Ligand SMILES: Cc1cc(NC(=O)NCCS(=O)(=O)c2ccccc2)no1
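Take a look at this one chain, the form deposited without the named molecule, written out in structure tokens.
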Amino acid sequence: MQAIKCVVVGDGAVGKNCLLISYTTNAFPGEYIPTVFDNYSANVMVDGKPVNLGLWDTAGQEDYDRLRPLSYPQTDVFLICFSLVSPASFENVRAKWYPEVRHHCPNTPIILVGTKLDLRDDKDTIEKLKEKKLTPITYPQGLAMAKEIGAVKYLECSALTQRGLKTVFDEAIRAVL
């Protein structure tokens, strides 16, 4: 088969780990069981080609700004992740993540992932966001972001409902293949 090194970046709120682990364990929605240890691995077929996909889950905190990019060399594809219910994460895609990733891996492909899709239509989430004069990120807002930073694809998804999920990795791999 064929190895694929996929690195996941984004803020903390975003909940990258839940996404990763619930995809790789093929867990029942909501029924994922966490570990204390990082990254994750999957042996999957895409368009009839077998691959071993390693998923490297990075720390989003700035204390890790100096350490995190040590992982970047020889990455096959990147997932840049923001929560659709956090306007600020969406911004740090433009301000922090894309610049970092592109500085280290200029030509390496990028998938742009909005997450917590399940919460965008959630009443309470929308109302708390409104209290601060905030809105969830709209599909076209995200698609725009993706065109902007030059992401090979833009996808939305929920790790909880698992809707949209399998596609993210299918698409990362398809982006390498």
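The first residue of the sequence shown is number 1, and the count goes up from there.
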Q: Would you mind comparing 45-53 and 145-153 for me and telling me which has the higher average C-alpha temperature factor in the entry?
A: 45-53
Q. Averaging C-alpha B-factors over each stretch, which comes out higher, 9-17 or 163-171?
A. 9-17
Q.
Checking the record values for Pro34, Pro69, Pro109, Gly114, which has the greatest CA B factor?
A. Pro34
Q: Divide the modelled residues of the chain into thirds by Cα B-factor and specify which third, lowest, middle or highest, holds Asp38.
A: lowest
Q. When the modelled residues of the chain are sorted by Cα temperature factor, does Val176 land in the lowest, middle or highest third?
A. middle
Q) Looking at the C-alpha B-factor of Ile126, is it in the lowest, middle or highest third of its chain? A) highest
Q | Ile80 - Cα temperature factor, lowest/middle/highest third of chain | A | lowest
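Beyond the structure shown, there is the form deposited with the named molecule bound, which is absent from this document and is the topic of what follows.
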(Q) So the ligand isn't in this model. With the named molecule brought over in the deposited complex through superposition of the site C-alphas, is the pocket blocked (at least 3 atoms within 2.4 Å of backbone or C-beta) or open? (A) open
Q | Option from 131-139, 104-112, 27-35, 147-155 whose residues, in the deposited complex, bring a heavy atom within 4.5 Å of the named molecule | A | 27-35
Q: Would you check whether the named molecule, in the deposited complex, lies within 4.5 angstroms of a non-hydrogen atom from each of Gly15, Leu19 and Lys116?
A: yes
